[PDB]
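These are the residues of each chain, in order.
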Amino acid sequence: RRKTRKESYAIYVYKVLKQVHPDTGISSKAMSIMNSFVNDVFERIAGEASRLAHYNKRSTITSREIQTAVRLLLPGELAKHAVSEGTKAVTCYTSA
Amino acid sequence: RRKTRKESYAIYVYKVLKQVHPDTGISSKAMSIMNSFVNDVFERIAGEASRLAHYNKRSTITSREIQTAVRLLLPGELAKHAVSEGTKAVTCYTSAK
Amino acid sequence: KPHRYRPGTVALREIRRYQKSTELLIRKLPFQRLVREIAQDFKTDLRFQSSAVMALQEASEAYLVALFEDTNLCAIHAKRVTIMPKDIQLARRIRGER
Amino acid sequence: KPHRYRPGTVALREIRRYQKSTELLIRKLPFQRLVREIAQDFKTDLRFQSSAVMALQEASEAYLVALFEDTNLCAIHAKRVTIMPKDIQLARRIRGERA
Amino acid sequence: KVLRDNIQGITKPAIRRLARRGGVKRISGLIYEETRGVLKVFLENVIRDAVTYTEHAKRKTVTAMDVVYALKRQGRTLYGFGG
Amino acid sequence: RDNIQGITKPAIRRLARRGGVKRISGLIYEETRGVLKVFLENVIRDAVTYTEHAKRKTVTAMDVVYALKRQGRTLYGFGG
Amino acid sequence: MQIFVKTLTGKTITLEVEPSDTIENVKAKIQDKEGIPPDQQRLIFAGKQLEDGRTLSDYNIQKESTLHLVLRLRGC
Amino acid sequence: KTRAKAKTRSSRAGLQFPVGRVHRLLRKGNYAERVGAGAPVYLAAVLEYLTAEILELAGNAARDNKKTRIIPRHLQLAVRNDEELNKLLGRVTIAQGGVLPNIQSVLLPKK
Amino acid sequence: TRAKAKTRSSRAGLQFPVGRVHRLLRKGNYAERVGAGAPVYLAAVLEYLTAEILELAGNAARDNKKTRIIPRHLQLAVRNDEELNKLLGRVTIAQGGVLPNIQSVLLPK
DNA sequence: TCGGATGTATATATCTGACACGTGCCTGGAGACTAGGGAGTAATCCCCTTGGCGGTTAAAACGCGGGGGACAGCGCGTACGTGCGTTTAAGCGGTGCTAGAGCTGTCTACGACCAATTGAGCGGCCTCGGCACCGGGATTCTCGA
DNA sequence: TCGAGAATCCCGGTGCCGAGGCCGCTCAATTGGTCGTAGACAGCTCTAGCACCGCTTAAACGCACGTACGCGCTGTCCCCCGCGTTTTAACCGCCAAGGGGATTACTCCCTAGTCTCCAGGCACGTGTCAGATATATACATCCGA
């Protein structure tokens, strides 16, 4: 008689919060707001990458599409920092 | 000389124009504008239908999704007339075989 | 003899107090009745979830506050302090609405 | 005596004449030079198709015309006849473009 | 039960409080009716979209997801209620 | 390279006259030039980003249309 | 009560109606008298189109008023 | 074993726009996993209706100006003078269109 | 025999689920095929944005001598930063409020 | 320029309901292997962009007289803010009930996939008529008296 | 009130280029057949949305009074507007050079699909302390004299 499983992003948001501020909690509605924010940004980036891949007569989305979509969407400083983080993560994953 | 084929809605637009106004021509720029208009409307309607189908966790796009997308996108009188025309066309296609 | 403030002080006090808080302003039951009456015209015998009413109220209040901000700017632009309906009309016309 | 028109008549004549027609209003070559100079800051040794420059010109002119219409409305609302920079600033602020 | 004349439930002090939060100081006597009209138009559009969203799914109860989707369709998305 | 001065005063006057303005003050020109510069900067940056992703050297007419469409300023009649 | 309709063929047809008549009823009348199916004919009165979901009374058609008939190809 | 003479899907529905092309575009456009057998007919009918309306208004505007061809100015005049069509294309600029001829009342000369 | 499993998130050194992002990309109807590097990039970007917003909101909360975060703190953090405000220019946050500003003309003489 | 009255921020006790954390487990993610087509790379063709030279003529820049519009100052009266006594209905706390949303089985009708083929649609050519241009006269306005 | 000049529009002759139509052909939409599963229908269970009843008290209402601001009127001064004359560079036509966009063929390797295994994240249950209330008090601020 148990309910169905509902996916969410709470665990990772909480882990990041404990990483940044080690002694600060968070209420429920703030968590809901953050979940909505993450989902909305994911949708925007994915849609832009899909359209960009469609324009160039291609049938797959790679890291280049994500990078260019991030450059198009975000403003300057955020774009630069996000690009640096993404390329560092990809290099680290490939190296191992 | 090898030239790639390009697709456009030119001949169908011309057919409709000659159907509605017996004696009237059209220039090239107007044809380009009409082509862009048709493509834009098609993209909007198809995207809305896809989103609506995704919301209800289904995997098929039918005439019902198209009808609801049309009702969501267009203003009142245009929506009413478009719904009537679409239903009539679907009924005519189904009855014939 | 009773102590009276000059016209204008209580207005600023209310401005500060209501810009410091976050609670809703319009009452609940009248808004629910209005929502049901408006929705009656599209499909009879409808039922609502409470969260839907709450979301509608939140969105409407935010929209009204933004509109009032723009109206205040319009009224200030023409060497005035009191807002008037023509300010609202000009703001809505410029924003891109009919 | 030389025949002169009262200040204002030629303005209305120009209004009618220029909103009757459908041509462009900025000379092509200076606009092309401006576009090239602006685009130089983003990537060196670029090339442009003529139709791209034409599209940019059309979009810019349409945007300017709409902005001027809104500015004229703002100017008229304040019981004036001459447009001023503050009217442009107010219109852009209400439109949500300027922060 | 049929309802009638409920637009007047938005009292004058409520509009005054909303204006005070908006930063206004002096209010003329004709603002209230115009505000009542504007709010009615806004609610009419939003509920119109939400009811269609509900009707496509063959349901009979309007859910918060329908309201969120209807708000998002008009470029005024909302955070804090899911989705 | 002060090519922004190529947008002469009579051109701005013609644009305003088509817009419906009857009297113009003496300080509108600088504001108009600034606004035009900002608008062109944004649009050209987006178009150049598209061209860079496409791995080309000449910006085409299509990516200008794409950049204009991204900002909710769709354009008709240029091969869209 | 009597309305003249000028057709595209140069012939004027007289229709007996009432001010409270509806457009579906007058379409039935033109079906009965000429047989041109209803979806094909549009009426113009005082430069304004006649729509099915209204009443002749709304469009203010009175005695000796004239209408213009137009035909558009709409196969099946 | 004699295959019958071909009949285009647009012919059965009494349309003009191509049903098959719309069906292929829907299938290959990454909109959904599978596409039903009724959607292209509805889409073609709606597109045909909208195109017919626009062309009717533009042709009327062109004939008003004693001309036998349609140019973008006529399309702009037709679109901007109908409230519903104007609302539909709210954020679209059409090349070589121009503006509607209006002048504010107060600016008119006195007396 | 077989070796013990190590999550892709652990390989990339992140706190977001790479596998879930890959599945969502595949099932989201965005393209025919999905590369093996896109989930890492997307997870890194999302984690960066979340960390930035959380840091600003936590600072705002600590200013008001409180231990927990409420939506007002998120609103204050977003609206007081330029780029974040531009990114969320058409978004309303429930229970947010406004910024305390008063035009200078209305102030008493 | 001082001084009385009012509203707000500061400090202390207290008790509740939401936040943080431990378990069980089951479904989704990871390890190992194949096969097949999407994309990168080298080579070729030729189209369209960049550059320069001469004229010629319309558009831009400069200067001047002056009339009309922007702006400051002042008087008036009316509408709006503040405070008080009275009346109304929202909000809380329970109690009953049933329509309807959500889940589980199953079973069929509908849509994907593949081979043969044929007629719809696109590219190249050409030809003549609808529109652009120049010259002329009738008309409709403005601004002095 | 009236009349002399400018600007605009209607009409006629004429020439040019692009819009409409005709052939030829290759690729994609048809026709015919098979097979797997997506969803439509029927039944069951439990929740939460609707209806009601009573009481308390905070908020909405109506009214009197005083004053500050919205608005019309007058005067001044100066700064855009219309017009003539001189300068200049935009535009049009022509001629050259070659870089880069657009196809075509070939090959290696990256991702989809399948199977097996196991642990990470979710629903459930429980404790305890962060903070929302209530009370009392000190200080900042406003309006008169």
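**Student:** Even after reading the chapter, I still don't get the protein's contact with DNA strand K, so can you show me in this structure?
**Tutor:** Every one of the 63 residues lining DNA strand K counts as a neighbour, but A:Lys6, B:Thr4, C:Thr9, D:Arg33 and F:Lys57 are closest to it. Taking the atoms of DNA strand K that fall within 4 Å of the protein, sugar and phosphate contribute 93% of them. Contact distances for DNA strand K include 3.4 Å between a phosphate oxygen and a backbone N or O atom of H:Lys7. Every element with two or more residues in the surface near DNA strand K is listed here: α1 (10-20) of chain A, β1 (47-48) of chain C, α1 (9-20) and α2 (28-40) of chain D, α1 (12-22) of chain E, β1 (23-24) of chain F, α1 (9-12) of chain H together with β1 (33-34) of chain I. The element that contributes the greatest number of residues to the surface near DNA strand K is α2(D), accounting for three residues. The residue makeup of the surface near DNA strand K, split by class, is 16 nonpolar, 17 polar and 30 charged.

**Student:** Honestly, the protein's contact with DNA strand J in this entry has me stumped. Any pointers?
**Tutor:** Residues in close proximity to DNA strand J total 66 residues, the closest being A:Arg58, B:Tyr12, D:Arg6, H:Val35 and I:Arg23. Backbone sugar and phosphate groups make up 92% of those atoms of DNA strand J lying within 4 Å of the protein. Taking D:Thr9, its side chain carries an N or O atom lying 3.2 Å from a phosphate oxygen of DNA strand J. In the model, a phosphate oxygen of DNA strand J is placed 3.1 Å from a nitrogen or oxygen of the E:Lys60 main chain. Residue assignment for the surface near DNA strand J shows that the elements contributing at least two residues are α1 (10-20) of chain B, α1 (9-20) and α2 (28-39) of chain C, β1 (47-48) of chain D, β1 (26-27) of chain E, α1 (9-19) of chain F, β1 (34-35) of chain H together with α1 (8-12) of chain I. In terms of residues, the surface near DNA strand J owes the most to one element, α1(C), which gives four residues.

**Student:** Where do I start with the side chain of E:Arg21 in this structure?
**Tutor:** With respect to the element layout, E:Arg21 can be found in helix α1. Of the side chains bearing the opposite charge, C:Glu61 lies closest to the buried E:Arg21, which forms no salt bridge; the N-O distance is 4.2 Å. A polar contact is formed between the side chain of E:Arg21 and the backbone oxygen of C:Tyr18, at a distance of 3.3 Å.

**Student:** I would appreciate a short explanation of a nonpolar patch on the surface in the present structure.
**Tutor:** Nonpolar side chains collect at one region of the surface, where G:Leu8, G:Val70 and G:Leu71 lie side by side and expose about 260 Å² of accessible area between them. If you trace the backbone, G:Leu71 turns up in strand β5 (residues 66-71).

Conventions adopted
- Counting starts from 1 on each chain and goes along its sequence as written, which need not follow the entry numbering; residues with no coordinates are hidden.
- A letter from A marks each chain and a number from 1 marks each ligand, given out in the order of writing.
- Only hydrogens and water are set aside; all other atoms, that is, all heavy atoms of the structure, feed into the side-chain values.
- Put simply, a residue is near a molecule or strand once any heavy atom of it comes within 4 Å of that molecule or strand.
- What qualifies as a polar contact is a pair of N or O atoms within 3.5 Å, subject to a donor-acceptor requirement within protein and to the restriction that residues adjacent in sequence count only when both atoms come from side chains.
- A run of H or I in DSSP becomes a helix once it reaches four residues, and a run of E becomes a strand once it reaches two; helices and strands are each numbered from the N terminus.
- All amino acids are sorted into three groups, where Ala, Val, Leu, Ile, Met, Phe, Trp, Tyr, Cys and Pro are nonpolar, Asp, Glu, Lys and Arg are charged, and the leftover types, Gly among them, are polar.
- Note on exposure labels: buried denotes an accessible area under 20% of the residue type's maximum, exposed denotes more than 50%, and partly exposed covers the range between, all computed with a 1.4 Å probe on protein chains only.
- In this tally, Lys and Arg are treated as positive and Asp and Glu as negative; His is ignored, and so are the chain termini.
- Counted as salt bridges are all cases of a side-chain nitrogen of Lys or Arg within 4 Å of a carboxyl oxygen of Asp or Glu.
- Patches were defined on residues exceeding 30% relative accessible area and lacking a salt bridge, with like-charge contacts within 9 Å and nonpolar side-chain contacts (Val, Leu, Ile, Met, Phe, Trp, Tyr) within 5 Å.
- Here the open area of atoms and residues is found with the Shrake-Rupley method and a 1.4 Å probe, where only the protein chains shown may cover a residue.

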